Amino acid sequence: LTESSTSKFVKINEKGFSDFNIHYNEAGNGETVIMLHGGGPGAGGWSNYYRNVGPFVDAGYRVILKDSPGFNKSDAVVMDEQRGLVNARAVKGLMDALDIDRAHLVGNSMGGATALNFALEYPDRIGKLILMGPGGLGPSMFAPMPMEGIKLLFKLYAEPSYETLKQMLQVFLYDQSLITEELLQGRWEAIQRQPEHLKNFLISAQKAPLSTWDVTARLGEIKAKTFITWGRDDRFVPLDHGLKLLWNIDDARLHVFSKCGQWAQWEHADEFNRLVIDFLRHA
């Protein structure tokens, strides 16, 4: 599987969206799993889930690696509402366009916020819910905020540079030997190719600050079986939010990976893939 061979576009119409272009990468043909990426400059579906798409397809799923609005090859947008909800509407739009009745959702940081909002707004359209360090769930009981990683994320948005990108990636990853030239250059290319997404993200954040993403009060509404994952060493979203989700969602479990930042799906790909595939098959 390659980015090019799996690349697709679909125009969506849902709520505020009118013929809005969504890019995604699709492989496989079984039960649908939509994987949703984080919010840093240059993020996208393929790069976030590169180590996961193959094994999930091998397991029998149809994997859709979705670019959220205002990221990668999806249309540019300035959002005046919290991103989780707007992104969730885009997932619904994509599902309607493709005739997908129910999807399992996997979401990391901003994508975990998206997945939470989707489960709240469209409970009849979600199967299982996999939450990898979801962002925007209010204050931490231990971590000063904004967290170290989020400061760097905003610095890169405002002053994009190759060196600051490298600094951000060093904070994202526990094992900094995963930062090869290929992956650094690749993310840099995503930033260079669409400078307007960076501007727009900052304008959006002014209109709808991170506090607006906090759906904590509604977590008791979630009926989907939920699998929460965290990196022990996550410097972007605080580990105690894994406990917040565990206490407030009805049917949840929490798995914490040691020696791991924001991307367990990268740093611990084999264990991540096995755990999540087992959850989807058997929970």
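Counting begins at 1, following the sequence as shown.
**Student:** Taking the mean of the C-alpha B-factors per stretch from the entry, tell me the winner out of 234-242 and 27-35.
**Tutor:** That would be 27-35.
**Student:** Would you mind comparing 267-275 and 15-23 for me and telling me which has the higher average C-alpha temperature factor in the entry?
**Tutor:** Of 15-23 and 267-275, the stretch with the higher C-alpha B-factor average is 15-23.
**Student:** Please work out which residue in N87, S140, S109, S211 has the highest C-alpha B-factor recorded for this crystal structure.
**Tutor:** The record points to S211.
**Student:** From the list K66, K223, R51, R253, select the residue with the highest C-alpha B factor recorded in the entry.
**Tutor:** In the PDB entry, the greatest C-alpha B-factor among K66, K223, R51, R253 is found at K223.
**Student:** Considering only modelled residues of the same chain, in which third does the CA B-factor of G60 rank: lowest, middle or highest?
**Tutor:** It falls in the top third of the chain.
**Student:** Against its chain's modelled residues, does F71's Cα B factor rank lowest, middle or highest third?
**Tutor:** Answer is lowest: the recorded C-alpha B-factor places it there.
**Student:** Please rank the C-alpha B-factors of the chain's modelled residues and tell me whether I249 sits in the lowest, middle or highest third.
**Tutor:** Middle third of the chain for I249's C-alpha B-factor.
**Student:** Check where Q194 lands among this chain's C-alpha B-factors and tell me if it's the lowest, middle or highest third.
**Tutor:** It falls in the top third of the chain.
**Student:** Grab the CA temperature factor for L156 from the record and place it in the lowest, middle or highest third of its chain.
**Tutor:** Middle third by C-alpha B-factor.
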